[PDB]
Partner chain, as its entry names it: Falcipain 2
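Only one chain is shown below, in structure tokens, and it's the form solved without its partner chain.
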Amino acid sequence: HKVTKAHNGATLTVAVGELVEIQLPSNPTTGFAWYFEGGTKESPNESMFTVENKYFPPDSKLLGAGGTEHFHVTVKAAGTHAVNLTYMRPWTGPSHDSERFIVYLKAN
């Protein structure tokens, strides 16, 4: 249901059609955000799962303060689907020190 950085590498057992909410700290003032490979918020495969994403600025409204990206992942097919995100500047792409997040959605 509700997935955070704490769940990195975890498998969630879900139904096809079930929405999985992933919440990750994200600070757009860094230029970094969470992306699928290629630097998009779009699902790598719409047939496998659908992804919606929203940034929530911090309640504090403090300048430079990080907020939270929420990804709503809806599994569309049975199987174990890797939701593979990387915290990167989309103009830079990933590197060996990029923060990464993965959750597996074991779907039926």
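Positions refer to the first chain, counted from 1.
Omitted from view is the form deposited with its partner chain bound, to which the following refers.
Mark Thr29 yes when one of its heavy atoms lies within 4.5 Å of a heavy atom of its partner chain in the deposited complex, and no otherwise. So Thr29 counts as contacting its partner chain.
Report whether the minimum heavy atom distance between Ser47 and its partner chain in the deposited complex is within 4.5 Å. Result no; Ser47 lies far from its partner chain in the deposited complex.
Please determine whether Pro90 contacts its partner chain in the deposited complex, using a 4.5 Å cut-off between heavy atoms. Within the cut-off, so yes.
Can any non-hydrogen atom of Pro57 be found within 4.5 angstroms of its partner chain in the deposited complex? Although its partner chain is absent here, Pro57 would touch it in the deposited complex, with heavy atoms inside 4.5 Å.
Scan 39-64 and note down the residues that get a heavy atom within 4.5 Å of its partner chain in the deposited complex; none is a fine answer too. Read in sequence order, the residues that approach its partner chain (within 4.5 Å, in the deposited complex) are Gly39, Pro57, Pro58, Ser60, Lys61, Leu62, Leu63, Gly64.
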